[PDB]
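In what follows, a structure is listed as structure tokens, so that the remarks can point back to it.
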Amino acid sequence: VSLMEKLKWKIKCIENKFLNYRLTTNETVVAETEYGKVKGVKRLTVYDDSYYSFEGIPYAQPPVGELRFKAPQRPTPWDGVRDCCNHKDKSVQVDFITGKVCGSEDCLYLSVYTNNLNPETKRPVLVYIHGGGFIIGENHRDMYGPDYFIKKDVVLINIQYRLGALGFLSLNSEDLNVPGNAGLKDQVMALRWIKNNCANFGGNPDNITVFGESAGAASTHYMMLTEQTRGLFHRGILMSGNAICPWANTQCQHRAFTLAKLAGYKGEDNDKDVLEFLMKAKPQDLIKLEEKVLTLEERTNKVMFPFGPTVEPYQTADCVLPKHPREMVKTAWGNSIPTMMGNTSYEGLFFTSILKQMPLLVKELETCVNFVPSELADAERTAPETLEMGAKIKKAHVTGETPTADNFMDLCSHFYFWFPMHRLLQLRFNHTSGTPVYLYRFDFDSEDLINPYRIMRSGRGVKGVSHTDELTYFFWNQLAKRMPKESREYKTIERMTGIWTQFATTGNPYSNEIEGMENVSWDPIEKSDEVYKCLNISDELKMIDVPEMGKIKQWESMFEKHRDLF
Numbered sequence: 005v006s007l008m009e010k011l012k013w014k015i016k017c018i019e020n021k022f023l024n025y026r027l028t029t030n031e032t033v034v035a036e037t038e039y040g041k042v043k044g045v046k047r048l049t050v051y052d053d054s055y056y057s058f059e060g061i062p063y064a065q066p067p068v069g070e071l072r073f074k075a076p077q078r079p080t081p082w083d084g085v086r087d088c089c090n091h092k093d094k095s096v097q098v099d100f101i102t103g104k105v106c107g108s109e110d111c112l113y114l115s116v117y118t119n120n121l122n123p124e125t126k127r128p129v130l131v132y133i134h135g136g137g138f139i140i141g142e143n144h145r146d147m148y149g150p151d152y153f154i155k156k157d158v159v160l161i162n163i164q165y166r167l168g169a170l171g172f173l174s175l176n177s178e179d180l181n182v183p184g185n186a187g188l189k190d191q192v193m194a195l196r197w198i199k200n201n202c203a204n205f206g207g208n209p210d211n212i213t214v215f216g217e218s219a220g221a222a223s224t225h226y227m228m229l230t231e232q233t234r235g236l237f238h239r240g241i242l243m244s245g246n247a248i249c250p251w252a253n254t255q256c257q258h259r260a261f262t263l264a265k266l267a268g269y270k271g272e273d274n275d276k277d278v279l280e281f282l283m284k285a286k287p288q289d290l291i292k293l294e295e296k297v298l299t300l301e302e303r304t305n306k307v308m309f310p311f312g313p314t315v316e317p318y319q320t321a322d323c324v325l326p327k328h329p330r331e332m333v334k335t336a337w338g339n340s341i342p343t344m345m346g347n348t349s350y351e352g353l354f355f356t357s358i359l360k361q362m363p364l365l366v367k368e369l370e371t372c373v374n375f376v377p378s379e380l381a382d383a384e385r386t387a388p389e390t391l392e393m394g395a396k397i398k399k400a401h402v403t404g405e406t407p408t409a410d411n412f413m414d415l416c417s418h419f420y421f422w423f424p425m426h427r428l429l430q431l432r433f434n435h436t437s438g439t440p441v442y443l444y445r446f447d448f449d450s451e452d453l454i455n456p457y458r459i460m461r462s463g464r465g466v467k468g469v470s471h472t473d474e475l476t477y478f479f480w481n482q483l484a485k486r487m488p489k490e491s492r493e494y495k496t497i498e499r500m501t502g503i504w505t506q507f508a509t510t511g512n513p514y515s516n517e518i519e520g521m522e523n524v525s526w527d528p529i530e531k532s533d534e535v536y537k538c539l540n541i542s543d544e545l546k547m548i549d550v551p552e553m554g555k556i557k558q559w560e561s562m563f564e565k566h567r568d569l570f
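Each residue of the sequence shown is one higher than the last, beginning at 5 in PDB author numbering.
As structure tokens, this is what we get:
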């Protein structure tokens, strides 16, 4: 990230600190939790509203020392008042602006926000799980501020969980008790805390919505798949992702060795000796080195991250993912709660940054074999069958004689988001009670209000609605500002927070109390539907046929002779 964006960020970081102080009040308050009393503080927003803020609530034991790489344990109770007027540190990770490692192994906290601590009726509980490819992210308010949500009468909760190798290291040796998915197991324990305590904040434990975006969407879906969380929450919103996206799980059991070797491990490839080294290593040295773990073969085959969600190699008491996600859908309790899913209108437009450093990637569309789903393609991607599936992809996205960068980013919309969404719906249809699933397409483009991911994806002065462009209208961030109440940006904030709170409360996303939904008839998807219908969210709210349907079906055609793999 460029020196100018670095200094610009440094200055906004300084601005945000002074804004956070100014927006604090002296009105502290105390709530009960099952672990002891917590002191929160009331804060202000730039729209002159206010909310009670409880930050730094522990839902697990600090995962340090011997607890590193392991399943989370329940925190120790305390008798007194715990200071929750300040945020805790984020999971150890690389800062995308600075490129330096930041954060701490002590990161298993959650935040609880609400405009009213003593409501007259118990309120819908909204739980946000952040994305960041399972390697970055945080519940800090400079990125995920509840300022918009607290206009509505809900309780909003933002959790943290362990990222990267510290969250997702996986070893085969059953004696070592590092089956993997510690970071997902962090999410589970946070849920159990939310189930059992949200009532003390005015929240209704029988009306909980979990939602997330990117890796947060995949996490939300994982929380809907696992038996570990059955009945814990009641609605799910999958924003630009799910657990059968090709980036959302990986078999990383061999990669521990590689990471230890990068970090200075001298010795042989056996799990026990690898673990012992990794247990004593400095957390920052490990995270710094994660970028180098993937081989060139893996990157070629589109493996995006070294460590993430995995099929655990043996079953433990806290096991989250015992079979592949596609298999788990077939027995998922989550299949039978109201679900909303959606994507932006140009998801893949996100990859512009990466494309600029790697022009050569656009030549991959000449045959498109590297984008054939892994489970269908051969090792070298050279089999005649593979060139045949590749051809079906190329016909779908390459528009002229020679492939373009826009062909590429369009393909990525489908490779990373639409096609996995299509596979999940169809699969889900075969194994569900028949609860509704609603689709949205976020198609609202503005450069007047933005969020920090635009800095990362080099999205300055780029038209189109990229992956993460919609977070801007849900959460406050330190790049935001007060928007006029008549502006298109403000109206979209109302519409987005409105629909989500509408869905959270009733399990039905439609309301005529939302400006612009007067002629909206928003129907759920049926298994009989050959074509998906979605609410398209731009300046106007319009029900349409999903525009990406034709390409979606083309991708499906790759499974013609392999329908059991679909």
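Even for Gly, the Cβ is constructed at its ideal location relative to N, Cα and C.
Helix, strand or coil for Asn-176? Go by DSSP, reduced to three states.
As a first step, residue 176 must be located in the sequence shown, where it is residue number 172. Assignment of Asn-176 by DSSP, reduced to helix, strand and coil, places it in the coil class.
I need the DSSP call for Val-278, collapsed to helix, strand or coil.
Within the sequence shown, residue 278 is the residue found at index 274, counting from 1. Correct three-state label for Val-278: helix.
My understanding is that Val-307 touches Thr-254, with C-beta atoms under 8 Å, so please give their C-beta distance in whole angstroms.
Along the sequence shown, read from residue 1 onward, the residue named residue 307 stands at position 303. Along the sequence shown, read from residue 1 onward, the residue named residue 254 stands at position 250. Rounded to the nearest angstrom, the Cβ distance from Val-307 to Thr-254 is 6 Å, consistent with a contact under 8 Å.
Would you be able to state if there are at least three C-beta pairs under 8 Å between the region 286 to 299 and the region 313 to 332?
With the cut-off at 8 Å, the region 313 to 332 and the region 286 to 299 do not touch.
Could you check what DSSP says for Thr-213 in three-state terms: helix, strand or coil?
By one-based count along the sequence shown, residue 213 stands at place 209. In this structure, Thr-213 counts as strand in the three-state DSSP scheme.
Could you give the distance in angstroms between the alpha-carbon of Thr-233 and the alpha-carbon of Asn-185?
Taking the first residue of the sequence shown as position 1, residue 233 is located at position 229. Taking the first residue of the sequence shown as position 1, residue 185 is located at position 181. Whole-angstrom Cα-Cα distance: 15 Å.
Cβ-based burial, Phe-58 [other Cβ within 10 Å; buried from 16]:
Counted from its first residue, the sequence shown places residue 58 at position 54. With 16 or more other Cβ atoms within 10 Å, it is buried.
Buried or exposed by the 16-neighbour rule on C-beta atoms within 10 Å, applied to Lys-94
Taking the sequence shown and counting its residues from 1, the one referred to as residue 94 is at position 90. Burial call: buried.
Less than 6 Å between C-beta atoms, sequence neighbours within five positions excluded: which residues of the same chain meet that for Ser-357?
As a position in the sequence shown, residue 357 is number 353, starting the count at 1. For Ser-357, where only same-chain residues beyond five positions count, the Cβ hits under 6 Å are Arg-461, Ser-462.
Which complete alpha helix (DSSP H) runs does the region 114 to 197 hold, if anything under 4 residues is left out?
For the region 114 to 197, the full-length alpha helix (DSSP H) segments reaching 4 residues or more read 145 to 148, 168 to 172 along the chain.
With distances taken Cα to Cα, identify the nearest neighbour of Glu-38 among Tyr-55, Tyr-63, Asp-322.
Here the question's residue 38 lines up with position 34 in the sequence shown. Distances from the alpha-carbon of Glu-38 to those of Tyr-55, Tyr-63, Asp-322 put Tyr-63 closest.
Count the other CB atoms, across all protein chains shown, that sit within 10 Å of the CB of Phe-205; report buried if there are 16 or more and exposed otherwise.
One-based indexing of the sequence shown puts residue 205 at position 201. By the 10 Å Cβ count, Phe-205 comes out buried.
Do three or more CB pairs link the region 220 to 233 to the region 275 to 286 at distances below 8 Å?
Contact between the region 220 to 233 and the region 275 to 286 is absent: fewer than three C-beta pairs spanning the two stretches fall below 8 Å.
Kindly indicate which three-state DSSP category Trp-480 falls into: helix, strand or coil?
The count along the sequence shown starts at 1 and reaches residue 480 at position 476. Of the three classes helix, strand and coil, the one that applies to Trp-480 here is strand, per DSSP.
Starting from the N-terminal side, write out each stretch of the beta strand (DSSP E) that is 3 residues or longer and does not extend beyond the region 71 to 107.
Annotation note: the region 71 to 107 contains the following uninterrupted beta strand (DSSP E) runs of length 3 or greater, listed N- to C-terminal: 85 to 87.
Where does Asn-516 fall in DSSP's three states?
Along the sequence shown, read from residue 1 onward, the residue named residue 516 stands at position 512. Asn-516: coil per DSSP, three-state reduction.
Report buried or exposed for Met-362, applying the criterion of at least 16 other Cβ atoms within 10 angstroms of its Cβ.
Mapped onto the sequence shown, residue 362 falls at position 358. Burial call: exposed.
Buried versus exposed call for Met-413 [16 or more other C-beta atoms within 10 Å across all chains shown]
Residue numbering aside, residue 413 sits at position 409 when the sequence shown is read from its first letter. With a 10 Å radius around the Cβ and a threshold of 16 neighbouring Cβ atoms, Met-413 comes out buried.
Close beta carbons around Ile-133, own chain, < 7 Å, minus the five adjacent residues each side
Within the sequence shown, residue 133 is the residue found at index 129, counting from 1. For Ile-133, where only same-chain residues beyond five positions count, the Cβ hits under 7 Å are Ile-163, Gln-191, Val-214, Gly-216, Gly-220, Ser-223, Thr-224.
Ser-417 and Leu-365: beta carbons closer than 9 Å?
The residue labelled residue 417 in the question sits at position 413 within the sequence shown. The residue labelled residue 365 in the question sits at position 361 within the sequence shown. Against a cut-off of 9 Å, the Cβ pair of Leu-365 and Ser-417 comes out as no contact.
So what does DSSP say about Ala-35, is it helix, strand or coil?
As a first step, residue 35 is located in the sequence shown; it is residue number 31 there, counting from the start. In the structure shown, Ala-35 sits in a strand (DSSP, three-state: E or B).
Can you find the residues in the same chain that come closer than 6 Å, C-beta to C-beta, to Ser-437, ignoring five residues on each side of it along the sequence?
Taking the sequence shown and counting its residues from 1, the one referred to as residue 437 is at position 433. Shown here for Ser-437: same chain residues with a beta carbon closer than 6 Å to its own, the five before and five after excluded, namely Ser-340 in chain order.
Quick one: any contact between the region 142 to 153 and the region 235 to 243, if contact means 3 or more CB pairs under 8 Å?
Counting Cβ pairs under 8 Å, fewer than three are found: no touch.
Compare the Cα-Cα distances from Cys-249 to each of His-435, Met-547, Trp-422 and report the closest residue.
Sequence index remark: in the sequence shown, residue 249 carries index 245 (1-based). Between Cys-249 and the set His-435, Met-547, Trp-422, the nearest pair of CA atoms involves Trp-422.
Out of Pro-81, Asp-52, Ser-54, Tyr-56, state which residue places its alpha-carbon closest to the alpha-carbon of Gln-65.
Counting from 1 along the sequence shown, the entry for residue 65 is found at position 61. Selected option, being the one with the closest Cα: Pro-81.
CB-CB length for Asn-208 against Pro-128, believed under 8 Å:
Along the sequence shown, read from residue 1 onward, the residue named residue 208 stands at position 204. Along the sequence shown, read from residue 1 onward, the residue named residue 128 stands at position 124. With 8 Å as the limit, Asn-208 and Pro-128 qualify as a contact, their Cβ atoms being about 6 Å apart.
Cβ pair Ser-450, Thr-509 closer than 9 Å:
As a position in the sequence shown, residue 450 is number 446, starting the count at 1. As a position in the sequence shown, residue 509 is number 505, starting the count at 1. No. Outside cutoff.
Collapsed DSSP secondary structure at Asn-208 in the structure displayed
Here residue 208 corresponds to residue number 204 of the sequence shown, with the count starting at 1. Here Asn-208 sits in strand by DSSP.
Between the alpha carbons of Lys-489 and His-144, how many angstroms are there, rounded?
By 1-based counting over the sequence shown, the position of residue 489 is 485. By 1-based counting over the sequence shown, the position of residue 144 is 140. Separation of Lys-489 and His-144 (C-alpha to C-alpha, rounded to the nearest whole angstrom) is 26 Å.
My output table needs one value for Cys-538: the three-state DSSP class, helix, strand or coil.
Stepping through the sequence shown from its first residue, residue 538 is reached at position 534. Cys-538 falls in the strand class under three-state DSSP.
Can you tell me whether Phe-355 is buried or exposed? The criterion is at least 16 other CB atoms within 10 Å of its CB, across all chains shown.
Against the sequence shown, residue 355 aligns to sequence position 351. Buried is the call here.
Span of the beta strand (DSSP E), counted from its first residue to its last, around residue 596
Here the chain covers residues 5 to 570 and nothing more, so residue 596 does not appear.
Would you call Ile-18 buried or exposed, if buried means 16 or more other Cβ atoms sit within 10 Å of its Cβ?
The sequence position of residue 18 within the sequence shown is 14, counting from 1. Result: exposed.
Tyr-444 by DSSP, collapsed to three states: which one?
In the sequence shown, the residue the question calls residue 444 occupies position 440. Here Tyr-444 sits in strand by DSSP.
Report back the beta-carbon spacing between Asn-540 and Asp-447 to the nearest angstrom; my notes put them in contact at under 8 Å.
Indexing the sequence shown from 1 puts residue 540 at position 536. Indexing the sequence shown from 1 puts residue 447 at position 443. Beta-carbon to beta-carbon, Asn-540 and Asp-447 are separated by about 5 Å, close enough to satisfy the 8 Å threshold.
State yes or no: is the C-beta of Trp-526 within less than 9 Å of the C-beta of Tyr-536?
As a first step, residue 526 is located in the sequence shown; it is residue number 522 there, counting from the start. As a first step, residue 536 is located in the sequence shown; it is residue number 532 there, counting from the start. Against a cut-off of 9 Å, the Cβ pair of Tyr-536 and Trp-526 comes out as no contact.
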